[PDB]
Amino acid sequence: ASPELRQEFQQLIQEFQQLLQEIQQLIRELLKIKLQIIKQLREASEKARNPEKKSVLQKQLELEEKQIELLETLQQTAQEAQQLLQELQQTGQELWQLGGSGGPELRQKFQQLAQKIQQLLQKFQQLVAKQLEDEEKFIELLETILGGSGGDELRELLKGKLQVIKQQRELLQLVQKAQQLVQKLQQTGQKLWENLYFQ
């Protein structure tokens, strides 16, 4: 490896490390607003005089607790990715330290780690995409029961849900950026082990 290739690899590891930190911070912010919204849903549900409005709010309250638990799963997934990323860094380091003394075992380990990270991010994207769909569905339902009795708290609940959706789309974009970095690391990886094919 040239200094330029080592630096290219190290820059991608650092960018990805910073991205996973940004993802963990955004999940923490999502958990905070979503727990605040659970309390708003419970309050609105307790106050609701119209049985059809109580019914809608109560059944969404049950789904909300499940969505909170999924976000905590995403925190653990992001942590596992951070651990795999350090192991990928160590495998990259093996490639430039050993250079021509490297063997296929280095490439195999590197590709196994990069594929595990890719699989974690694909699972991550699917779970965020699904939660986003469920948020969009609840908003379409919530819109039908605005005004009349509960009007004020239901409008505040809708404003909250619209902010939640903005943050979940922001989180999807970060996971999509992470999948770009996996491909760049695989491209830089190939440059690190390429010489081993032609000895």
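In case it trips you up, residue 1 is the first one in the sequence shown, and so on.
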property	result
146 to 154 versus 133 to 141 - which carries the larger mean C-alpha B factor in the record	146 to 154
Within-chain third of residue 24 by Cα B-factor, per the entry	middle
Chain third (lowest, middle, highest) by recorded CA B-factor, residue given as residue 80	middle
Modelled-residue ranking by C-alpha temperature factor, third containing residue 60	middle
Chain third (lowest, middle, highest) by recorded CA B-factor, residue given as residue 93	lowest
Residue 186 - which third its CA temperature factor falls in, relative to the rest of the chain	lowest
